[PDB]
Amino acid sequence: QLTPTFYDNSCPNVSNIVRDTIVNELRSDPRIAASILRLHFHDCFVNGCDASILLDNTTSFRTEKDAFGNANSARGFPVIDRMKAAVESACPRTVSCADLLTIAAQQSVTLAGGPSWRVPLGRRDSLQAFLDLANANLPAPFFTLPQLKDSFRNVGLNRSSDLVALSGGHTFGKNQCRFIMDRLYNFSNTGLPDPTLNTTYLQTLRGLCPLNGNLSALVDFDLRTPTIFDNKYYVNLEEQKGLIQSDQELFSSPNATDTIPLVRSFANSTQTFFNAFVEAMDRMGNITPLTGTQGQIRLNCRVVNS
């Protein structure tokens, strides 16, 4: 069983070391908090939160970094190496990369203005990476609501609250133009924009992402508070201003009978959202972890110990 007090004796200052690292990085890169939270999400959705995503290529297995959901998208790996080194110095061979990334995700949310809580700990590190599983398990922005629900259920999160609350991670961070081009100019081969996208916002997004333009150009997920972790993400959905298809479907999909009330509830109360986010985050952080003597305490998050 994972427990929040796992390192209270072996490495009491682990959380503080992680926090300090993120604080320093944020000065030069205000996007790092969002990036780190996303890394934890992509870790947990593939064989569980086992730091499998942090592993680099080997001649026996490919890195998840080349998955369709990670390539030229996932970022912040050097920052993780930095805090890991700092933690190894303070507490040699004690904190697993999987736990480190979980704490980093929680601290990132808090630093961005979100809720503060102690995450369950005790996870251990994987002995391999899973590229095929990542391509199969990571959801895509073009998924319909039923597909989004299927993706979450596939990894163990059955609750619509899990999906709606965790999608709140899009209250900050960046998104490439490439992922919304269809919504802007030709959605579902209709030759028309996605009707669920607010027409005023459509104009703005088209100006940021012109047809035949730079597909790698970045746009803010939350037009209200781009770098602050708050419930504004849901207020946007209510006004048809969710950035990607998967965002707006939580409120506009024909299958959203169960998610609409959750979206409204989170838009109406920050407390309601924050409570749900912590609950969902801990549930996601509890997906098939390696514990006890299973796996290892990786010294270099990029490679399995030898």
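One rule holds for the numbers: they count along the sequence shown, beginning at 1.
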- Do the C-alpha atoms of 126 to 134 or of 78 to 86 have the higher average B factor in the entry? 78 to 86
- Would you mind comparing 226 to 234 and 161 to 169 for me and telling me which has the higher average C-alpha temperature factor in the entry? 226 to 234
- Out of 245, 269, 259, 252, which shows the largest CA B-factor listed in the entry? 269
- residue 93: C-alpha B-factor third of its chain, per the entry, is the highest
- What third of its chain, lowest, middle or highest, does the C-alpha temperature factor of residue 32 fall into? highest
- In terms of the CA temperature factor given in the entry, to which third of its chain does residue 289 belong: lowest, middle or highest? lowest
- Ranked C-alpha temperature factor of residue 153 among modelled chain residues, by third: lowest
- Message: Taking only the Cα B-factors deposited for this chain, tell me whether residue 203 sits in the lowest, middle or highest third.
- Response: highest
